[PDB]
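Presented as structure tokens, the chain that follows is alone, the form deposited in one PDB entry.
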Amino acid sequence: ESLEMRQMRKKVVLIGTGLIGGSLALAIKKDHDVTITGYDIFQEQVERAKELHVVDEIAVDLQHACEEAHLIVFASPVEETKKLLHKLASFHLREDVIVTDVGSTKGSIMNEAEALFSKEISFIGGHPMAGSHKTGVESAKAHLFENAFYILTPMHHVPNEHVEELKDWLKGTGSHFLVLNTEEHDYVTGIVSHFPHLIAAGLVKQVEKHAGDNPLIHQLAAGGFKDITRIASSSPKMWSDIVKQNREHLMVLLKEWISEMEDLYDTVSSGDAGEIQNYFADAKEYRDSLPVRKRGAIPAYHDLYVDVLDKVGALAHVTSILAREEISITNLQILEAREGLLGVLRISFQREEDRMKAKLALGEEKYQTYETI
């Protein structure tokens, strides 16, 4: 009754069948013929996942499904993930299995996995930099992580071939994979993600302190301030765990920050407009530079600068030209470079051939283009 090919295809287990996990399942299915068996704490999400062909089967027996699996994917909250990794370490898994997770911090998970498997099993921590942690499987899409950074943190022993193999499993995501060591990941994300969270909340809180003394503050904090502070509305539970899990990195950062504010306090209070202006100019120069896609980093960036006018259809025209030439654009931005209605449009391409081609096509249409600034 069942087809020999269906019986015999590879098998995946997904633990946590929500937005993130469901999306990963769709990206897997897109490029691999597999039986995905799914598991959730909430039985409605797995059943819906099944209905939506996000998973193939609902897991009766967790152990049976795991022991026959070529790939096991955790998309659960990090407490639950620890508890289930323990269970997994009790099981008799296949020799060739790959196990992976999703989480914003890596230190504690990886510390647990070295402690339970050592060198038996190929556990590779993961962090896809896209989407949301609580939202449903109805929203899951194969392209959710497309062109997003997806960090992989392999155990110390895992061969490079297994890391490449996992990249192949997730090929369908279209993510830019970076392989980092665990400390590297928590350090970087600490500076670049977690610490801003703290500062965002702080800003909001500072403003609320004063809002009782004039109600106008609540009115004037609409629009820009509210937009700036967006991340402060994220889950307090999730973020308190992140902060607890990356505590030491953040303590150090806060100490440097206090120090920076003390120097800023000296600059502001000295009242030297030249020094103040310098402080702002340094920040502007750097902030204007982002993305600063470096030469030997992943992925490569080949930029072209175009003189375009601030009018309806300017971008439509430029992008239609490029599309007609069958050139794919990796990024674009408007940089406001001087006065007047002109702006500079920066277009990024995947490789040098494509930039060259775009330069010619735009030139034949009487666009002025540049290589720098």
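In case it trips you up, residue 1 is the first one in the sequence shown, and so on.
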Between 57 to 65 and 30 to 38, point out the one with the higher average CA B-factor as the PDB entry records it. 57 to 65
Once you work out the mean C-alpha B-factor for both 178 to 186 and 223 to 231 from the entry, which is higher? 178 to 186
Which of these has the highest Cα B-factor in the record: 91, 169, 74, 149? 91
Per the coordinate record, which of the options 124, 102, 204, 300 holds the highest CA temperature factor? 300
Please rank the C-alpha B-factors of the chain's modelled residues and tell me whether residue 193 sits in the lowest, middle or highest third. middle
Sorting the chain's CA B-factors, does residue 130 end up in the lowest, middle or highest third? lowest
Lowest, middle or highest third: which one holds residue 25 when the chain's residues are ordered by CA B-factor from the entry? lowest
Consider only the C-alpha atoms of the modelled residues in this chain, order them by B-factor as the entry records it, and name the third containing residue 117: lowest, middle or highest. highest
Hey, what third does residue 310 fall into on Cα B-factor, ranked over its chain? lowest
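This protein has a second form, the form deposited in another entry, left out of what is shown; the following refers to that one.
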Which way does the C-alpha gap of residue 134 and residue 124 go in that other deposited form, closer or farther, given it changes by 3 angstroms or more? farther
Where do residue 90 and residue 133 end up in that other deposited form, Cα atoms closer or farther than shown, with a change of 3 Å or more? farther
